[PDB]
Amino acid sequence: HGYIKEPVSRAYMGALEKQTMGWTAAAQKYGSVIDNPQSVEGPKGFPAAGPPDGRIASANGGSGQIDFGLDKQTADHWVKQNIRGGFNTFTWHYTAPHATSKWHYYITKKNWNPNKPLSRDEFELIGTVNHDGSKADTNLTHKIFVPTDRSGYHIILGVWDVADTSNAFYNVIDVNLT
């Protein structure tokens, strides 16, 4: 169980907005993930397997832990944070740092549609971090190259595959790429 803390994952943005907007107004915007941003857990094997199209942001309800709130997708719905193209660091926070096989990071394609549900064919792999099966916290921050051919509203998807289960954690990040 864990989430991407820098940049701020949408899930983690939910937990944050709970503090500023209150429980009801934040849950209206994000769903029940605001209480458990660490629980965006669904089947591993992405992109060939894993959560279905339209259910990637919520990891298909976090396998019963959260609702489908994160699967809403419009140009205006989610808080964007500025990111510059090129090398960037991605830092996960773990509430339970499980044995890990790999992490893998995707960005939306130049022509993606921000007003349609997320589909796996809108995403392109930008880097893989292989791990030895030790706990996730032996490598907290990853250096990933974010394509420089691309700007405006994009989504970075980070995926954390758990070594000893059939699950993974899916964290979408809303970015304004300069």
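The first residue of the shown sequence is 1; numbering continues from there.
Per the PDB record, of the two stretches 111 to 119 and 128 to 136, 128 to 136 carries the greater mean B-factor over its C-alpha atoms. Mean CA B-factor, 32 to 40 versus 147 to 155: the higher value falls on 147 to 155. Across the options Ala99, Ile83, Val79, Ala75, the residue with the most elevated CA B-factor in the record is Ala75. When the modelled residues of the chain are ordered by their C-alpha B factor, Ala48 lands in the highest third.
Looking at the C-alpha B-factors along this chain, the one for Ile173 belongs to the highest third.
In the deposited entry, the Cα temperature factor of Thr91 sits in the bottom third of values across the chain's modelled residues. Annotation for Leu16: CA B-factor lies in the middle third of the chain's modelled residues. Residue-level temperature factors show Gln65 in the highest third of its chain, judged at the C-alpha atom.
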